[PDB]
2 protein chains.
Amino acid sequence: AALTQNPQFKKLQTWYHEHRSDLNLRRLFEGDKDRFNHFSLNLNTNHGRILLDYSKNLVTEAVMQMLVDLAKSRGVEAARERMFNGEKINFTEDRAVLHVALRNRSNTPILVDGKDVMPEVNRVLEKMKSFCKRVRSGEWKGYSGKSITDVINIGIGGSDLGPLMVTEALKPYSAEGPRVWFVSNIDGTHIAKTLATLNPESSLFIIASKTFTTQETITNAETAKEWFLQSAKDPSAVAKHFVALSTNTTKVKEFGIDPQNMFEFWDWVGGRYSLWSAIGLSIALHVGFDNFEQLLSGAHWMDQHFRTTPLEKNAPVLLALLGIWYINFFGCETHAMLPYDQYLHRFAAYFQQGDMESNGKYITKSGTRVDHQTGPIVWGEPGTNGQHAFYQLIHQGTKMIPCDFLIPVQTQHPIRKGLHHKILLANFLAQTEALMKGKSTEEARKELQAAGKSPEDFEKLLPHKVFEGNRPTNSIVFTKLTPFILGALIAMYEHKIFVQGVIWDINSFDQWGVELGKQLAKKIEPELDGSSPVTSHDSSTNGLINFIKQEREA
Amino acid sequence: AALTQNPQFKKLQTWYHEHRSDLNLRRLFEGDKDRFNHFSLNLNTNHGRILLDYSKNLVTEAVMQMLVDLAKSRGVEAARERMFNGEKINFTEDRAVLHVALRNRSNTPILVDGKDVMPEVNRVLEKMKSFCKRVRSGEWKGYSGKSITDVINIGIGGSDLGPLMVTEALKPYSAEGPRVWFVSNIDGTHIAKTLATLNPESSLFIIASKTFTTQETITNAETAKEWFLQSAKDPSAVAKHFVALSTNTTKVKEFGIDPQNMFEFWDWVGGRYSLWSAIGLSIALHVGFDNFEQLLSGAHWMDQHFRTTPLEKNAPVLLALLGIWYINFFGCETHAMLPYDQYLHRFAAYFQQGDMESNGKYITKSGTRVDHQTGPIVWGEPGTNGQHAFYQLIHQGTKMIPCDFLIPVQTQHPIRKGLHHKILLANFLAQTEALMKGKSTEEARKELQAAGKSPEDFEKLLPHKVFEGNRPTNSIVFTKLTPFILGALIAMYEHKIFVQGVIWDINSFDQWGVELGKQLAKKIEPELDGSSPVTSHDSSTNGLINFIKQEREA
Ligand SMILES: O=C(O)[C@@H](O)[C@H](O)[C@H](O)COP(=O)(O)O
Ligand SMILES: O=C(O)[C@@H](O)[C@H](O)[C@H](O)COP(=O)(O)O
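Residues numbered from 1 in each chain as written, not as in the entry; some residues may be left out. Chains lettered and ligands numbered in written order. Heavy atoms only, no water.

Per the deposition metadata, X-ray crystallography was the technique used to determine this entry, at a resolution of 3.51 Å.

Let me state the cut-off plainly: UniProt positions are given in the numbering used here, feature names are shortened, and annotations may be inferred rather than shown by experiment.
Under the PDB entry, the name given to chain A is GLUCOSE-6-PHOSPHATE ISOMERASE, and the organism recorded is Sus scrofa. Within the Protein Data Bank, this record goes by the title "The crystal structure of phosphoglucose isomerase from pig muscle complexed with 5-phosphoarabinonate". In the Subunit part of its UniProt record, chain A is described as follows: "Homodimer in the catalytically active form, monomer in the secreted form." One UniProt comment on chain A, placed under Sequence similarities, says "Belongs to the GPI family."

### Describing the overall build of chain A
Condition: Each helix corresponds to a stretch of at least 4 residues labelled H or I by DSSP, and each strand to a stretch of at least 2 residues labelled E; elements are numbered beginning at the N terminus. C-alpha atoms define the radius of gyration, and 2.2 Å times the number of residues to the power 0.38 defines the globule rule. Three exposure classes are used, based on accessible area relative to the maximum for each residue type with a 1.4 Å probe and protein chains only: buried under 20%, partly exposed in between, and exposed over 50%. Contacts: residue pairs with any heavy atoms within 4.5 Å of one another. Per-residue and other accessible areas were derived by the Shrake-Rupley procedure at a 1.4 Å probe size, with only the shown protein chains allowed to occlude residues. Under the counting rule used here, the positive set is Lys and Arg, the negative set is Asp and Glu, and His together with the chain ends is not counted. Working definition for charges: the position is that of NZ of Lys, CZ of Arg, CG of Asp or CD of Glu.
From N to C terminus, chain A includes 23 helices and 12 strands. Radius of gyration (C-alpha) of chain A: 26 Å, near the 24 Å computed for a compact globule of 554 residues. Considered along the principal axes of its C-alpha atoms, chain A spans approximately 80 × 65 × 60 Å. Here chain A holds 554 residues, and the buried ones make up 65% of them. Restricting the contact set of chain A to residue pairs at least 6 apart, pairs at least 24 apart contribute 74%. Carbon together with sulfur atoms contributes 49% to the accessible area of chain A, which is approximately 19,200 Å² in total. Looking at charge distribution, chain A has the averaged site of its 61 positive side-chain charges lying 3 Å from that of its 61 negative ones.

### Quick look at the packing of aromatic side chains
Selection criterion: Stacked, tilted and edge-to-face are the three classes assigned to paired rings of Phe, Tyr and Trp, where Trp is represented by its six-membered ring and a pair needs centres within 6.5 Å; plane angles under 30 degrees give stacked, over 60 edge-to-face, the rest tilted. Placement of a charge over a ring requires the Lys NZ or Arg CZ to be within 6 Å of the ring centre, with the centre-to-atom vector within 35 degrees of the ring normal.
Evaluated as defined, the whole model comprises 62 aromatic pairs over all chains. With 5.2 Å between their ring centres and 15 degrees between their planes, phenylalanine 205 of chain A and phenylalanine 242 of chain A make a pair best called stacked. One end of the pair, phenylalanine 205 of chain A, is in strand β7 (residues 203-208); the other, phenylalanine 242 of chain A, is in strand β8 (residues 242-245), and 37 residues separate them in sequence. Each residue in the set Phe9, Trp15, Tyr16, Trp325, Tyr326, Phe329 and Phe330 of chain A is aromatic and connected to the rest through ring pairs, giving one cluster. Over the aromatic face of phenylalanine 29 of chain A sits the side chain of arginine 35 of chain A, whose NZ or CZ is 5.6 Å from the ring centroid. One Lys or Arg, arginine 35 of chain B, reaches over the ring of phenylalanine 39 of chain B and ends 4.4 Å from the middle of that ring.

### Let's talk about the site of ligand 1
For the record, the criterion: Nearness is judged by heavy atoms alone; a residue qualifies as near a molecule or strand once a single heavy atom is within 4 Å of it. For the purposes of these results, a polar contact is taken to be a pair of N or O atoms within 3.5 Å, where, inside protein, one atom must be able to donate a hydrogen and its partner to accept one; residues adjacent in sequence count only when each atom of the pair is a side-chain atom. Side-chain classes follow a simple rule in which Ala, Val, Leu, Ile, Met, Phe, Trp, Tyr, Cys and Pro form the nonpolar group, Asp, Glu, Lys and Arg form the charged group, and the remainder, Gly included, forms the polar group.
For ligand 1, the full set of nearby residues is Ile156, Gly157, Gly158, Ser159, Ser209, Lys210, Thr211, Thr214, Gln353, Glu357 and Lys518 of chain A together with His388 of chain B. Residues close to ligand 1 are split across chains A and B. Between an oxygen atom of ligand 1 and a main-chain N or O atom of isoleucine 156 of chain A, the distance comes to 3.5 Å. Between ligand 1 and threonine 211 of chain A, the relevant distance is 2.9 Å, taken from an oxygen atom to a main-chain nitrogen or oxygen of the residue. Of the residues that constitute the shell around ligand 1, the class distribution is 1 nonpolar, 8 polar and 3 charged.

### What about the site of ligand 2?
The environment of ligand 2 is formed by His388 of chain A together with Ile156, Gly157, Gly158, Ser159, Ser209, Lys210, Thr211, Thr214, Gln353, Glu357 and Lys518 of chain B. Chain contributions to the surroundings of ligand 2 come from chains A and B. Interatomic distance of 2.6 Å between a backbone N/O atom of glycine 158 of chain B and an oxygen atom of ligand 2. Bound to the protein, ligand 2 loses 94% of the 380 Å² it would expose on its own.

### Topic: the sheet that holds strand β11 (residues 403-410) of chain A
Residues and elements named next belong to chain A. Counted only if it meets this: Here, a strand pair is defined by DSSP locating no fewer than two bridges between the strands. Helix axes are fitted to C-alpha atoms over the stretch in contact, other axes to C-alpha atoms as well, and angles between N-to-C directions run from 0 to 180 degrees.
Strand order in the open sheet formed by 6 strands is β1-β2-β12-β11-β9-β10, and the pairing between neighbours is mixed. The outermost strands of the open sheet, each flanked by one partner alone, are β1 (40-44) and β10 (377-379). The sheet shows a mean angle of 15 degrees between the axes of neighbouring strands, taken without regard to direction. Pairing between β11 and strand β12 (residues 473-480): 7 bridges, direction parallel. Each bridged residue has a counterpart across the sheet, and for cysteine 403 the counterpart in β12 is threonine 473.

### Considering the interface of chain A and chain B
Spelled out, the test is: Once two parts are put together, the accessible area they lose, assessed with a 1.4 Å probe and summed over both, is termed the buried area. Salt bridge, as used here, is a side-chain nitrogen of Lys or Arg placed within 4 Å of a carboxyl oxygen of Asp or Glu.
Counting residues at the interface gives 133 residues for chain A, matched by 133 residues for chain B. Summed over both sides, the interface between chain A and chain B buries roughly 12,000 Å², with carbon and sulfur atoms accounting for 61% of that surface. Connecting chain A to chain B are 8 salt bridges. At the surface where chain A touches chain B, the tally comes to 61 residue pairs in polar contact. At 15 residues, the largest contribution of residues to the side of chain A that touches chain B is made by helix α17 (residues 415-437) of chain A. Taken together, the residues that form the side of chain A that touches chain B break down as 50 nonpolar, 53 polar and 30 charged.

### With respect to the relation of the copies chain A and chain B
Each copy of the chain is related to the other by a rotation around an axis and a translation along that axis. We apply this condition: Note on alignment: the copies are superposed with a least-squares fit restricted to their C-alpha atoms.
By a simple turn and slide, chain A fits onto chain B: the slide is 0.0 Å along the axis, the RMSD is 0.0 Å, and the turn is 180 degrees. The superposition of one copy onto the other is thereby described by a two-fold rotation axis. When the interface residues of chain A are mapped onto chain B, 100% of them again fall at the interface, so both copies present the same face.

### Description of the UniProt feature "binding site: D-glucose 6-phosphate" in chain A
Feature annotation in UniProt places "binding site: D-glucose 6-phosphate" on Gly158, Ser159, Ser209, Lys210, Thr211, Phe212, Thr213, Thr214, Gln353, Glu357, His388 and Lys518 of chain A, given in this structure's numbering. Across 361 residues of sequence, these annotated residues are also dispersed in space, with a maximum C-alpha separation of 42.6 Å. Examined against the element boundaries, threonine 213 of chain A turns out to sit in the loop between β7 and α10 (215-232). According to the relative accessible area criterion, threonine 213 of chain A is partly exposed, its value standing at 49%. Excluding residues within four positions of it along the chain, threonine 213 of chain A makes contact with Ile218 and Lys251 of chain A. Among the polar contacts made by the side chain of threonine 213 of chain A, one reaches the side chain of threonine 211 of chain A at a distance of 2.8 Å. Overall, the relative accessible area of 8% leaves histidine 388 of chain A in the buried class. Among residues more than four places away in sequence, those in contact with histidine 388 of chain A are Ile156, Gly157, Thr214, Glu216, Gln353, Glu357, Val514 and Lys518 of chain B.

### Focus on unusual backbone geometry
Residue and element names in this part refer to chain A. A cis geometry characterises the amide bond from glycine 383 onward to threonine 384, with omega recorded as 0 degrees. Structurally, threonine 384 is set in the loop between β10 and α16 (391-396). Positive phi is not limited to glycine here, since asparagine 46 has a value of about 85 degrees. According to the relative accessible area criterion, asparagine 46 is exposed, its value standing at 67%.

### With respect to the UniProt feature "active site" in chain A
As annotated by UniProt and renumbered to match this structure, "active site" occupies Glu357, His388 and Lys518 of chain A. Spanning 162 residues, the named residues are also spread out in space, since their farthest C-alpha pair is 37.9 Å apart. One can find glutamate 357 of chain A in helix α15 (residues 347-359). When neighbours within four sequence positions are excluded, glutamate 357 of chain A is seen to be in contact with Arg272, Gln352, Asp510, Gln511 and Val514 of chain A together with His388, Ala389 and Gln392 of chain B. Reaching out from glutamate 357 of chain A, the side chain makes a polar contact with the side chain of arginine 272 of chain A at a distance of 2.5 Å. Summarising the element assignment, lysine 518 of chain A is placed in the loop between α21 (512-517) and α22 (524-527).

### Some remarks on the side chain of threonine 194 of chain B
Residues and elements named next belong to chain B. Inspection of the secondary structure assignment puts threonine 194 in helix α9 (residues 188-195). Look at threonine 194 and you get buried, because its relative accessible area is 7%. From its side chain, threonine 194 meets the backbone oxygen of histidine 190 in a polar contact 3.1 Å long. In this structure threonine 194 touches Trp181 and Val183, once residues within four positions along its chain are discounted.

Structure below.
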C-alpha cells in the first residue's frame, strides 16, 4: 500500500507507461553531448577517487528528478538520521542498527537508551590491536612453545563471507601475516580437509558466532577441539589455541574458552553487517590491524558522504534509485555485479547475503503485504571470465539485466609493463559500450559482405549475428583497490540497500527467513537414526528419508 | 512463431490460465497419497543410484502428460538421433555436435561426412594415458632432471570451468597426483600469484585453447614462458615444460610447442562441452587416467539412458520440461542449483556457462525472433552456507525460484561417527519441506501464544513471521559422489539443456554473443596508450578512458 499509493510513485508510473519508447541509449547519446557529465559522480576521498558513471542507464533528467522526489517524499533523509542517531529502526526485533558506530573514527557519542556505545567499541578495538600485535610478532606462543603459523576461523553466514571476501581481496597486504583458513559448512569435508594439513602446535582457532549457538558453527568448533586435544592432552592448553567472537559470554564460557579470550560485539551489529566488528579479527590478524583500521576509515568517509550530501548527488542514493527504476518499473528480477578484478572474486557472493538477506521481505512497517516487487537476485563472477561464460545471455537473451562494472585503474601486479591490466581495461570498457550500442542488421550485413561471403550464403546466418543493444549498466572506477577504498566500496552498497528498504517500507535488518532455517531440521535429525522407515511426513519427505536409510548401508 | 504456434503449446496456455489456483503443493499432497511414487525416478547405474524426486513441483499428471506431448510434437526424439548420428545440428556454424562421441565407451562408429571419428578419439586418449602414466610416476623429468610437482593449466571459459570444477570435486581421488593450478583471467594478478610460489624446475604448463588465439589465454601463455626461460635459458627446455590442447596445429607450432606435445580435439567439440576431451588432461593428470576413464563411463551410461528410454521416464527430459513449465508459463527468470556438498562448490558456476552460454539466444532455426522466453539465469552456492545467506529471499521474497537440491548419501569424510553428514542431510530435507508447506498466520500465532507473549505485543510481529510456502523444488539424491556418478550427473544436465533448445527452436551450440566479445576491444586497446584524451566514442566511453589516463599517473 505504502509505495504504490505514493503520488510521486504513481506519477512515475504514468510517465513510464508513457515514454518507454523514448528510452533508447543510442539516441539518448546523440541528444545530450555531455550526457556523461550529467550522469556521473566524482568522489575524492583524498586517499583516492571513485568514479560513479551512471550514464548508460535508460534514464533521463526528468526521471532522475522524479526519482529523487520519490526518495524525499518517502523519508529517506530522516530515516537516515534515525539510523545514525541510534534509534531502534530494526522494528521487529526492536533493535538499533549501528554498523556505522563500529567505524566511527571520530568517536562522536552515539547513544542507545542513553548510553554512549563508543567506549565499548574502542575497547574491543584495543583488545584487537594488542592481540594482533602479540600473535603477529611471535610473542603469543602455542602449547609446545611454538609460534602461530595458521589462523582458522569457524563460523557461517555473516560470520563467514566478510572475513573471507576481504582477506581474499586484501591479499597483497598480507605478507607478514599468518595464513587464514575459513571453515563454515557443516559438511565434514570442510573441516576434514583443513585439519589434515595443520599442525596443532602452531594453529589458532577462532569461533565466530554471535549467539554462540549456531548448529553448524558449534559442532565444527567441537570437532576442532577434539582434534586439538588428541595432541595437546591438557585441557588448559585450550586457552592458548581458541578465541571467541560472540555476544553471549555464558555460552562462550560453557564451551570452555577463557573469558580473557573473548572479543565481544553487540546485538545492534547485524551478522551481514559485522565485518567491521570483532568479527574482523581474522582480517586484522592476517593483514595487520593498521590496514584494518584503514578499512574502517574508508567506510567512515563514505558514511560521512551518505549523511551530509544532498540526494541529487549522493552515491548510495543514486545507486538505490536506478535500481528501483529497474525493479518496480521495468520488472527485472536480478542485478549482476561484475568486478574486473581477480582479488575481488568473492565480492559478488558477499552482496548476495548483503542485498538478499536484507531486502527479500514482503511485509511492511504497517504489517501489510507488499503488492510490488522487493530485493532482486544478485549474482556474478569476476571479468573477463564472465565474458567467456554467461555474457552470451546478457547480450542476446530474452531478459534485461542491469549490471555494475567495477575495476581499479592501478593494478597490484603491473607485470609486463602493465600489458595485462591494459587488456583488462580495454575489455572493461567495451562490454558496456557494446551492451549499449549493439549491432543492426545492416551493420552485420556489410561486415559479412566484406568477409566476402555471398548474400545467398549469409542469408540464413545474418539474423543470428544481430545485437539489439540498449542494455543498461553502471561503471564503477576507482584509483586503486586498497583497504581504504575497499572500505568505502562496501560501505557504499551497504547504504544503497538501506535506501531501497526505506522506499519499499520494509525491514532491512531482520531475517526471519533465516532465523527459521535455524530451527527447521531439528525434528528431522533424530529420525534419521535407525534403519526403520519414517512415515511422519509428506510422501516426498518420507520417500526421501527412506531412500537415504536403505542406501547408507549400500 | 514456432513454439507459441504449437497446438500442444497453446493447449497448455489455456489449462494454465485456467487452473493456476488448483496448483497448491500442500493440497496436492493430501489428494494423492503416493504423489511421491508418481513423480520420482530411480535410476541404477550398477555403480550406484540417482533418485530424481520431482514431486514438490506445481505440476499434475495431466500437466506432465501435456508436457510430454509438447516434446514429442516438437521433434525431441529425432532431434536426439540427429545428434547421436553425427549430423550437423549446429546449424549456424554448420557443425556436428558430438560431445557424446568423446565418451563413447562402446566405440560404436559415428560418422561425420562419412568418416568414423572414433579412431581419432581413442588415439588421443591413448596419448593421454601414456602421458599421464609418465608424469604421474616420475619418469617424465624436467630440465634440471627433476620430477613434476605442479601442473599449471592456462585457458579461459570452456577451457577453464570443467577441469577446475571436476578437480575440486574429485579431490579425494588425487593423493597420488601432482597439484593443479588454474590460471584463466587476463588480470595479471592471477598469473602473478601462481608463479611466485612455483619452481620452474618441477612445473608443467598446459596451454588449453581450441583456436589457440584467445587473447587472454595466449598472453598468459607468453608471460608464463618468459618467466620460465629466465631460469631455463635454453629454448629447447620448453619441450619438457609446455603442452597444448588445441585444434590448430600451425598456431600450436608457431608458439613453440613441440608437435609431439600437442593433444588434439575437434571443431565438433564445443568449449562448454569439452571436459570430456583432451581438455581434461588436467583431471586425469591429477586424479589418474583410470578415474578419468571412469568419469567418461558415467557420462556414457547417461548418454545411453537419454537415447533409449521413453520420454515419460527419461531423466533429462523430465528436468527440461519442468523448467519450460516455470519459464514459459509461470514466468520465472532464474533457476538455482544448490548442491549440499562442499566439493561441488563450483558446480553451479559451471552450469552458468553450461546453461546460459548454450541457451541465451533469441533467433530461431527459421531466422525468426523469439516471442517467448528462453534460457534462465542460473545461480547458487553450496548448502548449507546458502541458507545462512540468501535463503531469506527464497522463503519470503516476492519472486518464484525453482531450485535443484543435490546431495550424496555417503560422504567421503564420515568423521565423528557420521554426525556431520547427518546434520547436512536433515538440513537438506527440511528446506524443501519448509519451502513447500510454509506457515500460516494461525500456526505462528499459536507459537507466539506458546512462547508466552501477549496478543498486544505480538500483534505487530505476527505477519512478519508468516510463510506462504508453495515454492517448488527438485531433490537429486545419489549414492556417492564418485567419478562415475559425477560423470553421469553432468551428462544429465547436458541433455537437459539440449531438450530445451529443441523445444524453443534455437541453436544451443553456437555462441555469437561470446564470439563477439572476443573482437570488441581490439579498437580500445591501442587508444589507452598515450596520455592524450580520446574523443572517438560516446561521451561515456570517452569520459571513462580519460579518467583512466589522468589517474594511472596519480
Ligand atoms: O545473517 C545472519 O544472521 C546469519 O547469516 C548468521 O550470520 C549466521 O546464522 C551465524 O549466526 P551466529 O553469528 O549467531 O552463529
Ligand atoms: O565457450 C566458449 O566458446 C568460450 O568459453 C571458450 O571456451 C573460450 O573463449 C576459449 O576459447 P579457446 O578454446 O579457443 O581459447
